[PDB]
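> My structure file run-v7.txt, compact mmCIF, N, CA and C atoms, is below:
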# COMPACT_ATOMS: atom_id res chain seq x y z
N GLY A 1 14.65 111.35 68.33
CA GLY A 1 14.51 110.99 66.93
C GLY A 1 13.21 110.27 66.64
N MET A 2 13.25 108.94 66.68
CA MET A 2 12.06 108.14 66.42
C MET A 2 11.46 108.48 65.06
N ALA A 3 12.32 108.75 64.09
CA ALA A 3 11.88 109.09 62.74
C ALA A 3 11.16 107.91 62.09
N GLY A 4 10.74 108.09 60.84
CA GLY A 4 10.05 107.04 60.13
C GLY A 4 10.68 106.73 58.78
N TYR A 5 11.07 105.48 58.59
CA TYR A 5 11.70 105.06 57.34
C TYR A 5 10.85 105.48 56.14
N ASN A 6 11.52 105.77 55.03
CA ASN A 6 10.83 106.18 53.81
C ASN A 6 11.14 105.23 52.66
N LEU A 7 10.75 105.63 51.45
CA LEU A 7 10.99 104.81 50.27
C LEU A 7 12.49 104.55 50.08
N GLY A 8 12.83 103.92 48.96
CA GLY A 8 14.23 103.62 48.69
C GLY A 8 14.42 102.23 48.11
N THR A 9 13.58 101.29 48.54
CA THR A 9 13.66 99.92 48.07
C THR A 9 13.08 99.78 46.66
N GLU A 10 13.96 99.60 45.68
CA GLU A 10 13.54 99.45 44.30
C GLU A 10 12.59 100.58 43.90
N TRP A 11 12.95 101.80 44.27
CA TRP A 11 12.13 102.97 43.95
C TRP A 11 12.95 104.04 43.24
N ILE A 12 14.20 104.20 43.67
CA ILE A 12 15.09 105.19 43.08
C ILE A 12 14.53 106.60 43.25
N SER A 13 13.86 106.84 44.37
CA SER A 13 13.28 108.14 44.65
C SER A 13 14.32 109.08 45.25
N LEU A 14 15.31 108.51 45.92
CA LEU A 14 16.37 109.29 46.54
C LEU A 14 17.68 109.16 45.76
N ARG A 15 17.61 109.40 44.45
CA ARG A 15 18.78 109.30 43.59
C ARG A 15 19.99 109.97 44.25
N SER A 16 20.93 109.15 44.72
CA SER A 16 22.13 109.66 45.37
C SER A 16 22.98 110.47 44.40
N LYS A 17 22.76 110.24 43.11
CA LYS A 17 23.50 110.94 42.07
C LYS A 17 24.97 110.51 42.06
N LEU A 18 25.21 109.25 42.42
CA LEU A 18 26.56 108.71 42.45
C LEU A 18 26.57 107.27 42.93
N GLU A 19 27.27 106.41 42.21
CA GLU A 19 27.35 105.00 42.57
C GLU A 19 25.99 104.32 42.45
N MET A 20 25.06 105.00 41.78
CA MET A 20 23.72 104.47 41.59
C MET A 20 23.59 103.75 40.25
N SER A 21 23.30 102.46 40.29
CA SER A 21 23.16 101.66 39.08
C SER A 21 21.93 102.10 38.28
N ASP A 22 22.11 103.11 37.44
CA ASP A 22 21.02 103.62 36.62
C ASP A 22 21.07 103.02 35.22
N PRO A 23 19.92 103.04 34.52
CA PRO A 23 19.81 102.51 33.16
C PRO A 23 20.56 103.35 32.14
N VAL A 24 21.71 102.86 31.70
CA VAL A 24 22.52 103.57 30.72
C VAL A 24 21.86 103.55 29.34
N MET A 25 22.29 104.46 28.48
CA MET A 25 21.75 104.55 27.13
C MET A 25 20.36 105.18 27.14
N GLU A 26 19.92 105.60 28.32
CA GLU A 26 18.61 106.22 28.47
C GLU A 26 18.68 107.72 28.22
N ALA A 27 19.80 108.32 28.61
CA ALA A 27 20.00 109.76 28.43
C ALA A 27 19.70 110.18 27.00
N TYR A 28 20.04 109.31 26.05
CA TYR A 28 19.81 109.60 24.64
C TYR A 28 18.38 110.06 24.40
N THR A 29 17.42 109.26 24.84
CA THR A 29 16.01 109.59 24.68
C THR A 29 15.60 110.71 25.63
N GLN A 30 16.22 110.75 26.80
CA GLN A 30 15.91 111.77 27.79
C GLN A 30 16.07 113.17 27.20
N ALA A 31 17.05 113.33 26.32
CA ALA A 31 17.30 114.61 25.68
C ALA A 31 16.71 114.65 24.27
N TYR A 32 16.90 113.57 23.53
CA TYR A 32 16.38 113.47 22.17
C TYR A 32 14.89 113.76 22.13
N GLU A 33 14.18 113.36 23.18
CA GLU A 33 12.75 113.58 23.27
C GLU A 33 12.40 115.04 22.98
N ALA A 34 13.10 115.95 23.63
CA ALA A 34 12.86 117.38 23.44
C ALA A 34 13.72 117.93 22.31
N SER A 35 14.81 117.23 22.00
CA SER A 35 15.71 117.65 20.94
C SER A 35 15.34 116.99 19.61
N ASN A 36 14.07 116.63 19.48
CA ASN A 36 13.58 115.98 18.27
C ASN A 36 13.94 116.81 17.03
N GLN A 37 14.17 118.10 17.24
CA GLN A 37 14.52 119.00 16.14
C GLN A 37 16.02 118.94 15.85
N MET A 38 16.81 118.74 16.90
CA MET A 38 18.26 118.66 16.76
C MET A 38 18.84 117.56 17.65
N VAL A 39 18.99 116.37 17.09
CA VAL A 39 19.53 115.24 17.84
C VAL A 39 21.00 115.46 18.18
N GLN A 40 21.35 115.20 19.44
CA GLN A 40 22.73 115.37 19.90
C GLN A 40 23.26 114.08 20.50
N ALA A 41 24.48 113.71 20.12
CA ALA A 41 25.11 112.50 20.63
C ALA A 41 25.46 112.64 22.11
N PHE A 42 25.55 111.50 22.80
CA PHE A 42 25.88 111.50 24.22
C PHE A 42 26.97 110.48 24.52
N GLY A 43 28.17 110.97 24.81
CA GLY A 43 29.28 110.08 25.11
C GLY A 43 29.88 110.36 26.48
N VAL A 44 29.91 109.33 27.32
CA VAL A 44 30.46 109.47 28.67
C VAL A 44 31.98 109.31 28.65
N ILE A 45 32.65 110.05 29.53
CA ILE A 45 34.11 109.99 29.62
C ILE A 45 34.56 109.81 31.07
N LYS A 46 35.23 108.69 31.34
CA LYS A 46 35.72 108.40 32.68
C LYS A 46 37.18 108.82 32.83
N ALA A 47 37.48 109.54 33.90
CA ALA A 47 38.84 110.00 34.16
C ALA A 47 39.84 108.85 34.04
N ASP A 48 39.36 107.63 34.22
CA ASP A 48 40.21 106.45 34.13
C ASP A 48 40.83 106.33 32.74
N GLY A 49 40.26 107.06 31.78
CA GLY A 49 40.77 107.02 30.42
C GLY A 49 39.89 106.20 29.50
N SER A 50 38.81 105.65 30.04
CA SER A 50 37.89 104.84 29.26
C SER A 50 36.54 105.53 29.10
N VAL A 51 35.82 105.18 28.04
CA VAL A 51 34.51 105.77 27.78
C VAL A 51 33.43 104.70 27.68
N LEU A 52 32.28 104.97 28.29
CA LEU A 52 31.17 104.03 28.27
C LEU A 52 29.94 104.66 27.64
N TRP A 53 29.89 104.66 26.31
CA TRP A 53 28.76 105.23 25.58
C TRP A 53 28.49 104.44 24.30
N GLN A 54 27.32 104.68 23.71
CA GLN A 54 26.94 103.99 22.48
C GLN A 54 26.13 104.91 21.57
N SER A 55 26.79 105.95 21.06
CA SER A 55 26.13 106.91 20.18
C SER A 55 26.42 106.58 18.71
N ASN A 56 27.58 106.00 18.46
CA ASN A 56 27.98 105.64 17.10
C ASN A 56 27.98 106.86 16.19
N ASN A 57 28.14 108.04 16.79
CA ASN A 57 28.16 109.29 16.03
C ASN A 57 29.57 109.87 15.99
N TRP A 58 30.27 109.81 17.11
CA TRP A 58 31.63 110.33 17.20
C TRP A 58 32.54 109.37 17.95
N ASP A 59 33.67 109.04 17.35
CA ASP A 59 34.63 108.13 17.96
C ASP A 59 35.19 108.72 19.25
N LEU A 60 34.54 108.40 20.37
CA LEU A 60 34.97 108.91 21.67
C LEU A 60 35.93 107.92 22.34
N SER A 61 35.81 106.65 21.98
CA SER A 61 36.66 105.61 22.55
C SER A 61 38.01 105.55 21.83
N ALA A 62 38.01 105.98 20.57
CA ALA A 62 39.23 105.97 19.77
C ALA A 62 40.40 106.55 20.55
N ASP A 63 40.17 107.66 21.23
CA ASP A 63 41.21 108.31 22.02
C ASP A 63 40.66 108.78 23.37
N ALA A 64 39.86 107.93 24.01
CA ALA A 64 39.27 108.25 25.30
C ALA A 64 40.30 108.89 26.23
N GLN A 65 41.55 108.46 26.10
CA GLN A 65 42.63 108.99 26.93
C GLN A 65 42.84 110.47 26.66
N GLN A 66 42.87 110.84 25.39
CA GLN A 66 43.07 112.23 25.00
C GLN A 66 41.77 113.03 25.14
N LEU A 67 40.65 112.37 24.87
CA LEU A 67 39.35 113.02 24.97
C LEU A 67 39.20 113.76 26.29
N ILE A 68 39.83 113.23 27.34
CA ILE A 68 39.77 113.85 28.66
C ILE A 68 40.93 114.82 28.86
N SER A 69 42.01 114.60 28.12
CA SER A 69 43.19 115.45 28.22
C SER A 69 42.85 116.89 27.82
N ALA A 70 41.94 117.03 26.87
CA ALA A 70 41.53 118.35 26.40
C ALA A 70 41.08 119.23 27.56
N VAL A 71 40.62 118.60 28.63
CA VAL A 71 40.17 119.32 29.81
C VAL A 71 41.10 119.10 30.99
N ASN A 72 41.64 117.89 31.09
CA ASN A 72 42.55 117.55 32.18
C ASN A 72 43.59 118.64 32.38
N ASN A 73 44.02 119.25 31.28
CA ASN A 73 45.02 120.32 31.34
C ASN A 73 44.55 121.54 30.56
N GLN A 74 43.25 121.78 30.56
CA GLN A 74 42.67 122.92 29.85
C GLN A 74 43.33 123.09 28.49
N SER A 75 43.38 122.01 27.72
CA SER A 75 43.99 122.04 26.39
C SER A 75 43.08 122.76 25.40
N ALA A 76 41.85 122.27 25.27
CA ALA A 76 40.88 122.87 24.36
C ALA A 76 41.31 122.68 22.91
N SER A 77 41.19 121.46 22.41
CA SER A 77 41.57 121.15 21.03
C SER A 77 41.65 119.64 20.82
N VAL A 78 40.55 119.05 20.35
CA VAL A 78 40.49 117.62 20.10
C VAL A 78 39.63 117.30 18.89
N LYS A 79 40.06 116.32 18.10
CA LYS A 79 39.32 115.92 16.91
C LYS A 79 38.77 114.51 17.06
N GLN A 80 37.46 114.37 16.89
CA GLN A 80 36.81 113.07 17.00
C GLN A 80 35.95 112.78 15.77
N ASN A 81 36.33 111.74 15.03
CA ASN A 81 35.60 111.35 13.83
C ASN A 81 35.74 112.41 12.75
N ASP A 82 36.97 112.87 12.52
CA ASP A 82 37.24 113.88 11.51
C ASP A 82 36.53 115.19 11.85
N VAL A 83 36.33 115.43 13.14
CA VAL A 83 35.66 116.65 13.60
C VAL A 83 36.45 117.32 14.72
N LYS A 84 37.11 118.43 14.39
CA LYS A 84 37.89 119.17 15.37
C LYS A 84 37.03 120.18 16.11
N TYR A 85 36.98 120.06 17.43
CA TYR A 85 36.19 120.97 18.26
C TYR A 85 37.00 121.48 19.44
N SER A 86 37.21 122.79 19.49
CA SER A 86 37.98 123.40 20.57
C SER A 86 37.09 124.29 21.43
N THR A 87 37.47 124.45 22.69
CA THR A 87 36.70 125.27 23.62
C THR A 87 37.43 126.57 23.94
N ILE A 88 36.82 127.69 23.58
CA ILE A 88 37.41 129.00 23.83
C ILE A 88 37.06 129.51 25.22
N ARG A 89 37.09 128.61 26.20
CA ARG A 89 36.78 128.96 27.58
C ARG A 89 37.03 127.79 28.52
N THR A 90 38.26 127.69 29.01
CA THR A 90 38.64 126.61 29.91
C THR A 90 38.37 126.99 31.36
N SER A 91 37.23 126.56 31.88
CA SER A 91 36.85 126.85 33.26
C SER A 91 36.91 125.60 34.12
N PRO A 92 37.09 125.80 35.44
CA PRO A 92 37.17 124.69 36.40
C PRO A 92 35.84 123.99 36.59
N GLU A 93 34.83 124.43 35.85
CA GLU A 93 33.50 123.84 35.94
C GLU A 93 33.17 123.06 34.67
N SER A 94 33.41 123.68 33.52
CA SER A 94 33.14 123.05 32.23
C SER A 94 33.85 123.78 31.10
N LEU A 95 33.79 123.21 29.90
CA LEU A 95 34.43 123.81 28.74
C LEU A 95 33.49 123.80 27.53
N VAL A 96 33.20 124.98 27.00
CA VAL A 96 32.32 125.10 25.85
C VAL A 96 33.10 125.03 24.54
N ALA A 97 32.93 123.93 23.81
CA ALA A 97 33.62 123.74 22.54
C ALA A 97 32.77 124.24 21.38
N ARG A 98 33.43 124.88 20.41
CA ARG A 98 32.74 125.41 19.24
C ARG A 98 33.67 125.46 18.03
N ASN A 99 33.15 125.07 16.88
CA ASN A 99 33.93 125.07 15.65
C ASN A 99 33.96 126.45 15.01
N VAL A 100 35.07 126.78 14.35
CA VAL A 100 35.22 128.07 13.70
C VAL A 100 34.04 128.36 12.77
N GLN A 101 33.59 127.33 12.07
CA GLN A 101 32.47 127.47 11.14
C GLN A 101 31.15 127.08 11.81
N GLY A 102 31.14 125.91 12.43
CA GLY A 102 29.94 125.44 13.10
C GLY A 102 29.65 123.97 12.83
N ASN A 103 30.71 123.18 12.71
CA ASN A 103 30.57 121.75 12.44
C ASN A 103 31.11 120.93 13.60
N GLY A 104 30.24 120.65 14.57
CA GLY A 104 30.64 119.86 15.73
C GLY A 104 30.52 120.64 17.02
N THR A 105 29.31 120.70 17.57
CA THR A 105 29.06 121.42 18.81
C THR A 105 29.10 120.47 20.01
N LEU A 106 30.20 120.50 20.74
CA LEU A 106 30.36 119.65 21.92
C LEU A 106 30.30 120.47 23.20
N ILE A 107 29.52 119.99 24.16
CA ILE A 107 29.38 120.68 25.44
C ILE A 107 29.86 119.80 26.59
N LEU A 108 30.81 120.32 27.37
CA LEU A 108 31.35 119.58 28.50
C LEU A 108 30.54 119.86 29.77
N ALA A 109 30.42 118.84 30.61
CA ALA A 109 29.67 118.98 31.86
C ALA A 109 30.27 118.10 32.95
N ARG A 110 30.73 118.74 34.03
CA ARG A 110 31.32 118.01 35.15
C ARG A 110 30.26 117.61 36.17
N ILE A 111 29.60 116.48 35.91
CA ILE A 111 28.57 115.99 36.81
C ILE A 111 29.13 115.67 38.19
N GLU A 112 30.42 115.32 38.23
CA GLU A 112 31.08 115.00 39.49
C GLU A 112 32.58 115.21 39.38
N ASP A 113 33.32 114.72 40.37
CA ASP A 113 34.77 114.85 40.39
C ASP A 113 35.39 114.17 39.17
N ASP A 114 35.49 112.85 39.23
CA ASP A 114 36.07 112.08 38.13
C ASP A 114 34.99 111.59 37.18
N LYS A 115 33.85 112.28 37.18
CA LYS A 115 32.74 111.92 36.31
C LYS A 115 32.16 113.15 35.62
N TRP A 116 32.15 113.13 34.30
CA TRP A 116 31.62 114.25 33.52
C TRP A 116 30.97 113.75 32.23
N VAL A 117 29.79 114.28 31.93
CA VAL A 117 29.07 113.89 30.72
C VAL A 117 29.14 114.99 29.66
N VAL A 118 29.22 114.58 28.40
CA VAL A 118 29.30 115.52 27.29
C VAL A 118 28.42 115.07 26.13
N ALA A 119 27.81 116.04 25.45
CA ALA A 119 26.95 115.74 24.32
C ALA A 119 27.40 116.50 23.07
N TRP A 120 26.92 116.06 21.91
CA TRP A 120 27.28 116.69 20.65
C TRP A 120 26.03 117.06 19.85
N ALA A 121 25.70 118.35 19.85
CA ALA A 121 24.53 118.83 19.12
C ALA A 121 24.87 119.15 17.67
N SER A 122 23.96 118.82 16.76
CA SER A 122 24.17 119.07 15.34
C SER A 122 24.47 120.54 15.09
N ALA A 123 25.07 120.83 13.94
CA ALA A 123 25.41 122.20 13.57
C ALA A 123 24.18 123.11 13.65
N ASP A 124 23.04 122.58 13.24
CA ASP A 124 21.79 123.34 13.27
C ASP A 124 21.33 123.57 14.70
N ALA A 125 21.76 122.70 15.60
CA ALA A 125 21.39 122.81 17.01
C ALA A 125 22.04 124.03 17.66
N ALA A 126 21.28 124.71 18.51
CA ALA A 126 21.78 125.90 19.20
C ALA A 126 22.47 125.52 20.50
N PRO A 127 23.29 126.45 21.03
CA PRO A 127 24.02 126.24 22.28
C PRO A 127 23.10 126.21 23.49
N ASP A 128 22.25 127.22 23.60
CA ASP A 128 21.31 127.31 24.72
C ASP A 128 20.20 126.27 24.59
N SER A 129 20.06 125.71 23.39
CA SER A 129 19.04 124.71 23.13
C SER A 129 19.53 123.32 23.52
N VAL A 130 20.83 123.09 23.38
CA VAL A 130 21.42 121.81 23.72
C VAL A 130 22.01 121.83 25.13
N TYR A 131 22.50 122.99 25.54
CA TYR A 131 23.09 123.14 26.86
C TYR A 131 22.06 122.86 27.95
N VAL A 132 20.79 123.02 27.61
CA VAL A 132 19.70 122.78 28.55
C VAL A 132 19.31 121.31 28.59
N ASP A 133 19.42 120.65 27.44
CA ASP A 133 19.08 119.23 27.34
C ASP A 133 20.16 118.37 27.97
N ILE A 134 21.42 118.67 27.65
CA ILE A 134 22.55 117.92 28.18
C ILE A 134 22.46 117.80 29.70
N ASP A 135 21.98 118.86 30.34
CA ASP A 135 21.84 118.87 31.79
C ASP A 135 20.96 117.72 32.27
N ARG A 136 19.96 117.38 31.46
CA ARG A 136 19.04 116.30 31.79
C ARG A 136 19.72 114.95 31.66
N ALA A 137 20.65 114.85 30.71
CA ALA A 137 21.38 113.61 30.48
C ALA A 137 22.81 113.71 30.98
N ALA A 138 23.03 114.57 31.97
CA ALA A 138 24.36 114.77 32.54
C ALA A 138 24.34 114.63 34.05
N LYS A 139 23.84 115.66 34.73
CA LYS A 139 23.76 115.65 36.19
C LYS A 139 22.50 114.95 36.66
N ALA A 140 22.05 113.96 35.89
CA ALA A 140 20.85 113.20 36.23
C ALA A 140 21.15 111.71 36.33
N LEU A 141 22.14 111.26 35.56
CA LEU A 141 22.52 109.85 35.56
C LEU A 141 23.89 109.66 36.21
N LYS A 142 24.47 110.75 36.69
CA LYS A 142 25.77 110.70 37.33
C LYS A 142 25.82 109.59 38.38
N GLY A 143 26.81 108.71 38.25
CA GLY A 143 26.95 107.61 39.19
C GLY A 143 27.11 106.27 38.50
N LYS A 144 26.53 106.14 37.32
CA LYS A 144 26.61 104.90 36.55
C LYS A 144 27.44 105.10 35.29
N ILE A 145 28.72 105.40 35.47
CA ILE A 145 29.62 105.61 34.34
C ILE A 145 31.03 105.14 34.67
Could you take the file, read its structure, and then write that structure out as C-alpha cells?


Amino acid sequence: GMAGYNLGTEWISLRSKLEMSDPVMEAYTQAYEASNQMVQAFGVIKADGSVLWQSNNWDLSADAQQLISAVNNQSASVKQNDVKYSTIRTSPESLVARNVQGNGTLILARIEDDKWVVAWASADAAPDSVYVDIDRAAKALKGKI
C-alpha cells in the first residue's frame, strides 16, 4: 500500500453524498440560477414523516406524513396549498406528478433510501427543463435532510 492521504479536511471534495453536513437552502439558488426563467420550489421530505425546507411556496409540512404516503404506497394523489398533483407513473425510482390542466408541476427524486428531494416548477416551466435542474438540487445535497 503506502498510499498518500488526500484532501477532505474542511474541503468537501469527497462528498460522501450522505450524512454530510451541507449548507441547506442552497439548492434553491443552485437550480434557480439556471431556472431564472421558471423558478421552482424545493421541499425536502424525510421518511420519518417530517420535512425540512423553506420555500414558502407549497405547504409541504402541513401534511408531511401524507406527502410521503403518495409514494410510500404508490398512491399518486396529493394536494398541497390548494394544489392537487398526481403522478401517472408510480415507479420504484421516482414518480412524475402532473396536473390535468398544468397547475402544479412536482417532480419526485429518490436521492437515497429514506431520503428523497422534490421540486415544484411553475406551470410555464417544462418537465425536461425542471427535471434537469432538480437533479442538481437533489442527488447533490443528499445527506443533510

> From the list A:45, A:82, A:72, A:77, which residue is nearest residue 114 of chain A when using all atoms listed in the file?

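So, comparing all the options, the nearest one is A:45.
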
> Could you check the closest approach to residue 43 of chain A for each of A:112, A:26, A:124, A:19 and tell me which residue wins, using only C-alpha atoms?

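Ranking A:112, A:26, A:124, A:19 by distance to residue 43 of chain A, first place goes to A:26.
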
> What residues in chain A get the DSSP label alpha helix (DSSP H)? Please answer as a list in words.

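Filtering chain A to alpha helix (DSSP H) leaves residues 27, 28, 29, 30, 31, 32, 64, 65, 66, 67, 68, 69, 70, 71, 72, 127, 128, 129, 130, 131, 132, 133 and 134 of chain A.
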
> Generate a file of the selected residues that holds N, CA and C atoms, formatted as a tab-separated table (two decimals), in the coordinates of the input.


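New file selection.tsv:
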chain	number	residue	atom	x	y	z
A	27	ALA	N	19.80	108.32	28.61
A	27	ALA	CA	20.00	109.76	28.43
A	27	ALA	C	19.70	110.18	27.00
A	28	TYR	N	20.04	109.31	26.05
A	28	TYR	CA	19.81	109.60	24.64
A	28	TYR	C	18.38	110.06	24.40
A	29	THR	N	17.42	109.26	24.84
A	29	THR	CA	16.01	109.59	24.68
A	29	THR	C	15.60	110.71	25.63
A	30	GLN	N	16.22	110.75	26.80
A	30	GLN	CA	15.91	111.77	27.79
A	30	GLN	C	16.07	113.17	27.20
A	31	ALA	N	17.05	113.33	26.32
A	31	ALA	CA	17.30	114.61	25.68
A	31	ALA	C	16.71	114.65	24.27
A	32	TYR	N	16.90	113.57	23.53
A	32	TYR	CA	16.38	113.47	22.17
A	32	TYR	C	14.89	113.76	22.13
A	64	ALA	N	39.86	107.93	24.01
A	64	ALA	CA	39.27	108.25	25.30
A	64	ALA	C	40.30	108.89	26.23
A	65	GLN	N	41.55	108.46	26.10
A	65	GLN	CA	42.63	108.99	26.93
A	65	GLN	C	42.84	110.47	26.66
A	66	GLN	N	42.87	110.84	25.39
A	66	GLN	CA	43.07	112.23	25.00
A	66	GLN	C	41.77	113.03	25.14
A	67	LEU	N	40.65	112.37	24.87
A	67	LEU	CA	39.35	113.02	24.97
A	67	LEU	C	39.20	113.76	26.29
A	68	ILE	N	39.83	113.23	27.34
A	68	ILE	CA	39.77	113.85	28.66
A	68	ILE	C	40.93	114.82	28.86
A	69	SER	N	42.01	114.60	28.12
A	69	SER	CA	43.19	115.45	28.22
A	69	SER	C	42.85	116.89	27.82
A	70	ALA	N	41.94	117.03	26.87
A	70	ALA	CA	41.53	118.35	26.40
A	70	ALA	C	41.08	119.23	27.56
A	71	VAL	N	40.62	118.60	28.63
A	71	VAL	CA	40.17	119.32	29.81
A	71	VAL	C	41.10	119.10	30.99
A	72	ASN	N	41.64	117.89	31.09
A	72	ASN	CA	42.55	117.55	32.18
A	72	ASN	C	43.59	118.64	32.38
A	127	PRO	N	23.29	126.45	21.03
A	127	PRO	CA	24.02	126.24	22.28
A	127	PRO	C	23.10	126.21	23.49
A	128	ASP	N	22.25	127.22	23.60
A	128	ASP	CA	21.31	127.31	24.72
A	128	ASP	C	20.20	126.27	24.59
A	129	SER	N	20.06	125.71	23.39
A	129	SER	CA	19.04	124.71	23.13
A	129	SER	C	19.53	123.32	23.52
A	130	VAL	N	20.83	123.09	23.38
A	130	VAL	CA	21.42	121.81	23.72
A	130	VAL	C	22.01	121.83	25.13
A	131	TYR	N	22.50	122.99	25.54
A	131	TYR	CA	23.09	123.14	26.86
A	131	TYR	C	22.06	122.86	27.95
A	132	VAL	N	20.79	123.02	27.61
A	132	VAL	CA	19.70	122.78	28.55
A	132	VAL	C	19.31	121.31	28.59
A	133	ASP	N	19.42	120.65	27.44
A	133	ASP	CA	19.08	119.23	27.34
A	133	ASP	C	20.16	118.37	27.97
A	134	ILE	N	21.42	118.67	27.65
A	134	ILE	CA	22.55	117.92	28.18
A	134	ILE	C	22.46	117.80	29.70

> Can you list every residue in chain A that DSSP puts in strand (DSSP E), as a compact mmCIF listing (two decimals) with N, CA and C atoms, in the coordinates of the input?


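Written output follows (out02.txt):
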# COMPACT_ATOMS: atom_id res chain seq x y z
N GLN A 40 21.35 115.20 19.44
CA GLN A 40 22.73 115.37 19.90
C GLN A 40 23.26 114.08 20.50
N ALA A 41 24.48 113.71 20.12
CA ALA A 41 25.11 112.50 20.63
C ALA A 41 25.46 112.64 22.11
N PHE A 42 25.55 111.50 22.80
CA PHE A 42 25.88 111.50 24.22
C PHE A 42 26.97 110.48 24.52
N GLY A 43 28.17 110.97 24.81
CA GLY A 43 29.28 110.08 25.11
C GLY A 43 29.88 110.36 26.48
N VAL A 44 29.91 109.33 27.32
CA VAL A 44 30.46 109.47 28.67
C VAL A 44 31.98 109.31 28.65
N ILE A 45 32.65 110.05 29.53
CA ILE A 45 34.11 109.99 29.62
C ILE A 45 34.56 109.81 31.07
N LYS A 46 35.23 108.69 31.34
CA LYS A 46 35.72 108.40 32.68
C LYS A 46 37.18 108.82 32.83
N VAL A 78 40.55 119.05 20.35
CA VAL A 78 40.49 117.62 20.10
C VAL A 78 39.63 117.30 18.89
N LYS A 79 40.06 116.32 18.10
CA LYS A 79 39.32 115.92 16.91
C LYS A 79 38.77 114.51 17.06
N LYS A 84 37.11 118.43 14.39
CA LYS A 84 37.89 119.17 15.37
C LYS A 84 37.03 120.18 16.11
N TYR A 85 36.98 120.06 17.43
CA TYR A 85 36.19 120.97 18.26
C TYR A 85 37.00 121.48 19.44
N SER A 86 37.21 122.79 19.49
CA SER A 86 37.98 123.40 20.57
C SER A 86 37.09 124.29 21.43
N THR A 87 37.47 124.45 22.69
CA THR A 87 36.70 125.27 23.62
C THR A 87 37.43 126.57 23.94
N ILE A 88 36.82 127.69 23.58
CA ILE A 88 37.41 129.00 23.83
C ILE A 88 37.06 129.51 25.22
N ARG A 89 37.09 128.61 26.20
CA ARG A 89 36.78 128.96 27.58
C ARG A 89 37.03 127.79 28.52
N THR A 90 38.26 127.69 29.01
CA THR A 90 38.64 126.61 29.91
C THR A 90 38.37 126.99 31.36
N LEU A 95 33.79 123.21 29.90
CA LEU A 95 34.43 123.81 28.74
C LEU A 95 33.49 123.80 27.53
N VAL A 96 33.20 124.98 27.00
CA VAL A 96 32.32 125.10 25.85
C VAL A 96 33.10 125.03 24.54
N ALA A 97 32.93 123.93 23.81
CA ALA A 97 33.62 123.74 22.54
C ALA A 97 32.77 124.24 21.38
N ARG A 98 33.43 124.88 20.41
CA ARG A 98 32.74 125.41 19.24
C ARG A 98 33.67 125.46 18.03
N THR A 105 29.31 120.70 17.57
CA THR A 105 29.06 121.42 18.81
C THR A 105 29.10 120.47 20.01
N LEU A 106 30.20 120.50 20.74
CA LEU A 106 30.36 119.65 21.92
C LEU A 106 30.30 120.47 23.20
N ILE A 107 29.52 119.99 24.16
CA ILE A 107 29.38 120.68 25.44
C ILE A 107 29.86 119.80 26.59
N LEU A 108 30.81 120.32 27.37
CA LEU A 108 31.35 119.58 28.50
C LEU A 108 30.54 119.86 29.77
N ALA A 109 30.42 118.84 30.61
CA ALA A 109 29.67 118.98 31.86
C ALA A 109 30.27 118.10 32.95
N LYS A 115 33.85 112.28 37.18
CA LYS A 115 32.74 111.92 36.31
C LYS A 115 32.16 113.15 35.62
N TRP A 116 32.15 113.13 34.30
CA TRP A 116 31.62 114.25 33.52
C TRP A 116 30.97 113.75 32.23
N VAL A 117 29.79 114.28 31.93
CA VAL A 117 29.07 113.89 30.72
C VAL A 117 29.14 114.99 29.66
N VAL A 118 29.22 114.58 28.40
CA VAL A 118 29.30 115.52 27.29
C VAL A 118 28.42 115.07 26.13
N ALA A 119 27.81 116.04 25.45
CA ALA A 119 26.95 115.74 24.32
C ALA A 119 27.40 116.50 23.07
N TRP A 120 26.92 116.06 21.91
CA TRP A 120 27.28 116.69 20.65
C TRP A 120 26.03 117.06 19.85
N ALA A 121 25.70 118.35 19.85
CA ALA A 121 24.53 118.83 19.12
C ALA A 121 24.87 119.15 17.67

> Counting only C-alpha atoms, figure out which residue out of A:50, A:30, A:69, A:105 gets nearest to residue 84 of chain A.

A:105
